[PDB]
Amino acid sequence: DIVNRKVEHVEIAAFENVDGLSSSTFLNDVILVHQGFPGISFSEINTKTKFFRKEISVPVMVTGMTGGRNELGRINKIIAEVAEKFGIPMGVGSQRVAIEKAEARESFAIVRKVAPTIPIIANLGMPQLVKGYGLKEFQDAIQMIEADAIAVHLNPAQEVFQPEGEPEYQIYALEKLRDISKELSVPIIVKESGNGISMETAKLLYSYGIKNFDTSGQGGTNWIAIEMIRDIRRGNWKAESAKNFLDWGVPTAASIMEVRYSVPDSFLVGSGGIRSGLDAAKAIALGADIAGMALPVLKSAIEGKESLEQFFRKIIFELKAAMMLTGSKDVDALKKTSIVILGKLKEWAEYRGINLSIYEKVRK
């Protein structure tokens, strides 16, 4: 029945109107500067990059989504075998469901069976930390899929509107996370869930030892909208209130700038609303080390293995086109390519004290 929520999440995300609903990534305010003399050939473009101790083929990851029941495992299986084929990292959805129910384990474990080489990323929610999870649950989440890192998700906006939500984010949870990180043999990434990471949140996590961030900004999947729908469906009055919050959060573009600026040495996944290899290029150019995606991967996976393979060819082709067209022979060159920032993202950055000169230098 946490199982039911897992199913409902997929169903609404895949089939209802929640992608970018009343929200915006601010990526339209980011322009990559065209170079009519690139100085390179398309074929020499190198998209290889580091993901902790592994090498990955493309600076893109699939971020965590699902697991909990056997038809969710079959979706995981499809994503995983394509991810493995393409050499891209994959996170799984929250594994709480499997900690609570042993029959749910196999829908996660299937990932590692079919993708023995790529980084795989475990997932647990911050609220479970204030509610009694500790080391053991972490190591269990990790060994279940022989994970290379574990993501801990921030979802307070979701929890607030979720019919059976748990909005508990007491400071003690970070004391615990920091102790646990002592004992883990893989790194921790803190990721959001559609509402983005701000400078204050980034600096607070950093002060507890967190070095790896996944922006999951607003503009992509709208998790407040998903829970709103689940509220309409139950006739739960929170639904009209969630409607007033549909545009709540830090936009992806702004969150990439905020995290890069306030924690210049972070390893940074720029995600929330990444829908094309152009978006992924902008995310990286702006300051991310890698671009994350979830929803469009889900929708293709549902359509099948070949649809998902095609989706990835397309993303990769687009990313490379953007590198071609900015004269960027590799990922490091894209991270320093010339951009223009306009409109509302410019005004956000200015109001937040983001000095563009030092910004430019920090993103590189």
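Heads up: residue numbers just count along the shown sequence, starting at 1. Here the rigid core means the biggest group of C-alpha atoms that line up within 1.5 Å when the two forms are laid on top of each other.
Student: Output the stretch, either 163-171 or 195-203, that has more C-alpha displacement from this form in 8 other deposited structures of this protein following superposition by the rigid core.
Tutor: Of the two stretches, the larger average C-alpha offset in 8 other deposited structures of this protein falls on 163-171.
Student: Name the stretch, 149-157 or 226-234, whose C-alpha atoms sit farther from the shown form on average in 8 other deposited structures of this protein, taking the rigid core as the superposition reference.
Tutor: Once the core is superposed, the stretch further away in 8 other deposited structures of this protein is 226-234.
Student: If you take the mean CA temperature factor per stretch, which one wins between 322-330 and 66-74?
Tutor: Looking at the recorded C-alpha B-factors, 66-74 comes out higher on average.
Student: Name the higher of the two by mean Cα B-factor in the PDB entry, 110-118 versus 271-279.
Tutor: Mean B over CA atoms: larger for 110-118.
Student: When the CA B-factors of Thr201, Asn222, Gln170, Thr215 are compared as recorded in the entry, which is the largest?
Tutor: In the PDB entry, the greatest C-alpha B-factor among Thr201, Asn222, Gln170, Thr215 is found at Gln170.
Student: Which of these has the highest Cα B-factor in the record: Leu154, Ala291, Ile145, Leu246?
Tutor: Across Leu154, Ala291, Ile145, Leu246, the entry lists the biggest C-alpha B-factor for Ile145.
Student: Tell me, lowest, middle or highest third: where does the Cα B factor of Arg234 rank within its chain?
Tutor: Highest third.
Student: What third of its chain, lowest, middle or highest, does the C-alpha temperature factor of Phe42 fall into?
Tutor: CA B-factor rank for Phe42: highest third.
Student: Is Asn355 in the lowest, middle or highest third of its chain when residues are ranked by C-alpha B-factor?
Tutor: CA B-factor rank for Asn355: highest third.
Student: Rank-wise, by C-alpha B-factor, drop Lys336 into the lowest, middle or highest third of its chain.
Tutor: Ranked within chain, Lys336 CA B lands in the middle tercile.
Student: By the record's CA B-factor, is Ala80 among the lowest, middle or highest third of residues in the chain?
Tutor: Middle third.
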